[PDB]
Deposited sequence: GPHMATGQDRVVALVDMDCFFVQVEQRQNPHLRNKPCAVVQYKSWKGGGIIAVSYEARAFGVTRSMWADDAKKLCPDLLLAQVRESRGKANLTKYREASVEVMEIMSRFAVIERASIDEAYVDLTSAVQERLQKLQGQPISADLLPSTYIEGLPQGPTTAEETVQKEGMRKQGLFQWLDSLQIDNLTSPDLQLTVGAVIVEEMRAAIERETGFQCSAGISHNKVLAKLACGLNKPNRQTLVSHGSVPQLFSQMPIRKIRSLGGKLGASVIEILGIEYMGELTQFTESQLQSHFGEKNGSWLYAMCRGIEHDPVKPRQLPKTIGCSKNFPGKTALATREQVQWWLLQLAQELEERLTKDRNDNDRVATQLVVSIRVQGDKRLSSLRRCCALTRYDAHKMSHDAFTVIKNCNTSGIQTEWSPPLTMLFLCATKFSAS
């Protein structure tokens, strides 16, 4: 297998939280704007940045006071705050709208609130059967980029480059110089064009997509041309694409594994991995990672698009950084309640909409001076969707953690509640 068996798309809503605020407030449209939460500490922390604002150098995880220095005209939208914490309901609801529309076209895996994987293999077959011996016009692919094209001999403008590359691709399909998987990708891209058109018409939200044979290539493809554009990445484009592609760019290699691959093997780019035998890769990085790397540097990935549109867990948390770390038993109880109260509302909605019930409650807390996200995880049975019950049980489970008092030590930097193990209802 050349890993050309499937057609897979990754769709990413461009600066999704910004878009949601821009649809609601027309004033923010087509302007440098960012979404922040909690204005009191340094203007608030930016979590979403429009493309107009990015040009000024405004980035995520930046303090709003700092972003205003780069972009004096930056407009800000504030995350809804409920019970003393961030409330993301508006963005979760908008996300559902998008997911439902995507559902009509093909089978979808929800990757995050803003992005989803699409398995288009069956859909492209139908289209290939439905439309037989029919040439694919350039007009059907108005925002599609073919990676690696144009090649050889109005290039100076970006849109000129796009069309010329598209024409070369199409002419080669037309002529029969392009393989059946290349045709499958193209039809896949046609469908993604329509899916994206349906999303914008019906929600007003724009998005970018990558089309390829697996999830990793599709995701890489998606980021090549943004915003509001889609990029086809063929099996043939992979060698040139990987040759100058930093290892950290590939999904799952952005962390410690990727760094160890670079450090151990002494390589910079993804394509350099082809030198090494599978056994060599497995020896260094383990059987599972080795096998995965051997195939992936050749553009082959087998992870399936899971038929899942609903989150597997439902959770809420609040950090209590630095001085605000919780020191009294009463403080700890109160926030657990606030956390439990938001959770109950979300769980009941979930039950009515999605015909399922969570059976387990997980408590995660973090203590002062700990590098790790979570210092401790602990679980209890979840039998009633009741805030007072859930909050009280959560406390019962973690009360032993306290070193000595009714003071609590070490002070809590984080409280986390997660509903898990859903069952059909």
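Of the deposited sequence, the ranges 1-4, 158-161, 414-415 have no C-alpha coordinates according to the record.
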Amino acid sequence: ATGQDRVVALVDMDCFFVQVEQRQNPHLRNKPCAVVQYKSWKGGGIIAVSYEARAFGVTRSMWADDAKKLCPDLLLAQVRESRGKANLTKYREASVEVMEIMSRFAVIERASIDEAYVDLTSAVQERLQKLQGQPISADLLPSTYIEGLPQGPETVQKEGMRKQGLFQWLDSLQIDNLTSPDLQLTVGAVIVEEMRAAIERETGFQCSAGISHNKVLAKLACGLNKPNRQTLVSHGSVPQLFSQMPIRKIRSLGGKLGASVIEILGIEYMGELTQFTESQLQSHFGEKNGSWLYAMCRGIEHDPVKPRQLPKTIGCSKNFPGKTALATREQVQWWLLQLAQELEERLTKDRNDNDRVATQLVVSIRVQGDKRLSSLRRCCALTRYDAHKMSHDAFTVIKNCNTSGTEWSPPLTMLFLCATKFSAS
From here on, numbers count along this sequence of modelled residues.
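Each form is matched to the other, and the largest set of C-alpha atoms that superpose within 1.5 Å is called the rigid core.
Comparing the two stretches 177-185 and 308-316 by root mean square C-alpha distance in 8 other deposited structures of this protein, with all structures fitted on the core, the more displaced one is 177-185. Comparing 130-138 with 351-359 by root mean square Cα distance to the shown form in 8 other deposited structures of this protein, with the rigid core used for the fit, gives 130-138 as the more displaced stretch. Judged by the one-third criterion across other entries of this protein, residue 81, modelled here, is also modelled in every one of those that cover both its neighbours.
Compared against other deposited entries of this protein, residue 154 counts as often unmodelled, lacking coordinates in at least a third of those that resolve the residues around it. Legend: mean Cα B-factor per stretch from the PDB entry, 186-194 versus 157-165; the higher mean is in 157-165.
When the mean C-alpha temperature factors of 49-57 and 374-382 are read from the deposited coordinates, 374-382 comes out higher. Within the group 116, 124, 233, 86, the record's highest C-alpha temperature factor is found at 124. Per the deposited coordinates, the residue with the largest Cα temperature factor out of 247, 310, 295, 220 is 310.
Per the deposited record, the Cα B-factor of residue 318 falls in the highest third when ranked against the other modelled residues of its chain. Split the chain's modelled residues into thirds by C-alpha temperature factor. Residue 11 is in the lowest one. Per the PDB record, residue ranking by Cα B-factor puts residue 37 in the middle third of the chain. When all modelled residues of the chain are sorted by CA temperature factor, residue 150 is found within the middle third. Sorting the modelled residues of the chain by their CA temperature factor places residue 369 in the highest third.
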